[PDB]
Amino acid sequence: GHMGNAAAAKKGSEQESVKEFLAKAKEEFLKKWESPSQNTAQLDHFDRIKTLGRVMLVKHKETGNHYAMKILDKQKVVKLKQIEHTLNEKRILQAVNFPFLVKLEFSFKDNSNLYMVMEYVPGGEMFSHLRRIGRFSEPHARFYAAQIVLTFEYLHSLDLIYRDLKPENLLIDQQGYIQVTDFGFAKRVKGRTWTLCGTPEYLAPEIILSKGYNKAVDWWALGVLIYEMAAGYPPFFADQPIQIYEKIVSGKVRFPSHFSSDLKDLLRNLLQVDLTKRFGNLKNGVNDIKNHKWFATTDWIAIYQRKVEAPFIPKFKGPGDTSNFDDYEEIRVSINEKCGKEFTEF
Amino acid sequence: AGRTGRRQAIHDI
Ligand SMILES: Cc1cncc2cccc(S(=O)(=O)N3CCCNCC3)c12
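Residues numbered from 1 in each chain as written, not as in the entry; some residues may be left out. Chains lettered and ligands numbered in written order. Heavy atoms only, no water. Residues with missing side-chain atoms left out of burial classes, pairs and counts.

Method of determination, as annotated in the archive: X-ray crystallography, at 1.67 Å resolution.

So this is what it looks like as structure tokens:
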């Protein structure tokens, strides 16, 4: 076969250890899912330094630690029918734990807004670095993709679907590793779900086609991400969403001539319209991806342990540094509490 | 030709 005795035994044992890890991580997740944190800080505990994305860089007054404070206007969430999605986001973020998932440190609320205070990730969005450099070499792209594969293996084992993978939602930390942000569309889903949501270029065909869909939409989105990282542009590329959607459902994808055959084979199996053939949706699960030739040089444990040398370390001048984010142009807490009943659980 | 800037999510269609 493809592997000899030593390699097949090591791989089988490694895969069993993954199962063991994931069973323990689910037990830990469920305890927090069932008893969520709430009201663990107040606005007066921080200084507002600068707007970073609203998301504000803030400084905790007692510790001097810097954080990214996401501010949600309760009234705008209701008008947008994102109430359940916003409740999903905070409940999920406070329950998960993984080295490539942004860490929610505090959350709280007041008359007008919801606040989520997360660890500050100073390296900026992958998006910026990718557009600046053009494209990532395949080893560079693979380093990031491996982190997403492990993160999705973790999330999906908890029955969580992420639903908004893209370079805009991936931050680079001080060691050059990825931090997944933006859990606004993440949902706990035992089997299928039906909401039409996500970002056009990254939507799986079954979403566009208004089907009940499952966690395999995330594996399709991984295909889009790897393609975009390695090409510099995504595989289904057009000025208007309707044109993007037509390309996605066609079952056709074209590749740059510099893509390796290994990469093209992986991407054809991720960007597979037929769900009975899509990697990540088959009997062998995530192992079809982790055991693919394009990942043959990936030491999955070493990636998880953050012991692999990153391809790129972002410039970092000091603890408050915002140089890897953009510039943006006050906080208005009202005297009357708004949409109190809709956000009781937050 | 296609979108080169940051891309917004959609809540419906
Ligand atoms: C600045 C920031 C830096 N450290 C941690 C953050 C946590 C969450 C969000 C941001 S963000 O870049 O504004 N962002 C908003 C939505 C756009 N997608 C990326 C996430 C952080």
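Having put the structure on the table, let's press on.
Caption draft 1: The packing of aromatic side chains, seen in detail. Residue and element names in this part refer to chain A. The interplanar angle of 75° and the centroid separation of 5.1 Å between the aromatic rings of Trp 294 and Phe 295 together place this pair among those described as edge-to-face. Each ring, one from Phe 295 and one from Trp 300, has its centre 5.1 Å from the other, and the planes form 50°; the classification is tilted. Ring-pair connections join several aromatic residues into one group, and the members of that group are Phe 21, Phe 98, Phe 100, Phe 136, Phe 143, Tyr 144, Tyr 154, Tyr 177 and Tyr 304. Directly above the aromatic system of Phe 346 lies the positively charged group of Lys 90, at a separation of 5.5 Å from the ring centroid. The ring of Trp 300 is capped by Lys 290, whose NZ or CZ atom sits 5.6 Å from the centre of that ring. (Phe/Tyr/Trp six-rings, centres within 6.5 Å; stacked < 30°, edge-to-face > 60°. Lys NZ or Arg CZ within 6 Å of the ring centre and 35° of its normal.)

Caption draft 2: Focus on the interface of chain B and chain A. Contact residues are listed per partner, giving 13 residues for chain B and 25 residues for chain A. Grouping the amino acids of the side of chain B that touches chain A by side-chain chemistry returns four nonpolar, five polar and four charged. (Contact = heavy atoms within 4.5 Å. Nonpolar A, V, L, I, M, F, W, Y, C, P; charged D, E, K, R; others polar.)

Caption draft 3: Quick peek at helix α5 (residues 138-157) of chain A. Over its 20 residues, α5 of chain A extends 28 Å from the first C-alpha to the last, a length consistent with the 28 Å expected when each residue adds 1.5 Å. Two residues or fewer past α5 of chain A, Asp 159 of chain A is found with a positive phi of approximately 60°. (Helix = DSSP H or I, 4+ residues; strand = E, 2+ residues; numbered from the N terminus. Expected span 1.5 Å × (residues − 1).)

Caption draft 4: Summary view of the environment of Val 224 of chain A. Residue and element names in this part refer to chain A. You can see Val 224 is positioned in helix α7 (residues 216-231). Measuring from C-alpha to C-alpha, the distance between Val 224 and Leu 165 comes to 8.9 Å, with 59 residues separating the pair along the chain. Contact partners of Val 224, with chain neighbours within four places excluded, come to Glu 201, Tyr 202, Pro 234, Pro 235 and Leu 271.

Caption draft 5: How the structure looks around the packing of α5 of chain A against α7 of chain A. Residue and element names in this part refer to chain A. The N-to-C vectors of α5 and α7 enclose an angle of 170°; their axes lie 10 Å apart at closest approach. The orientation of α5 relative to α7 falls into the category roughly antiparallel. For the pair α5 and α7, contact is made by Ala 141, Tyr 144, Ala 145, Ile 148, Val 149, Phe 152, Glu 153 and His 156 and by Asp 218, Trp 219, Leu 222, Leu 225, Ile 226 and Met 229, respectively. Here the contact of α5 with α7 is built from residues that sort into 11 nonpolar, one polar and two charged. (Axes fitted to C-alpha atoms, helices over the stretch in contact; angles between N-to-C directions. Parallel < 35°, antiparallel > 145°, perpendicular 65-115°, else oblique.)

Caption draft 6: The UniProt feature "active site" in chain A, seen in detail. Mapped onto the present numbering, the UniProt feature "active site" falls on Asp 164 of chain A. Among the structural elements, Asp 164 of chain A can be located in the loop between β6 (160-161) and β7 (170-172). When residues no more than four places from it in sequence are discounted, the contact partners of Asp 164 of chain A are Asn 169, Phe 185, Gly 198 and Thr 199 of chain A together with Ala 9 of chain B. (UniProt positions renumbered as here; feature names shortened; annotations may be inferred.)

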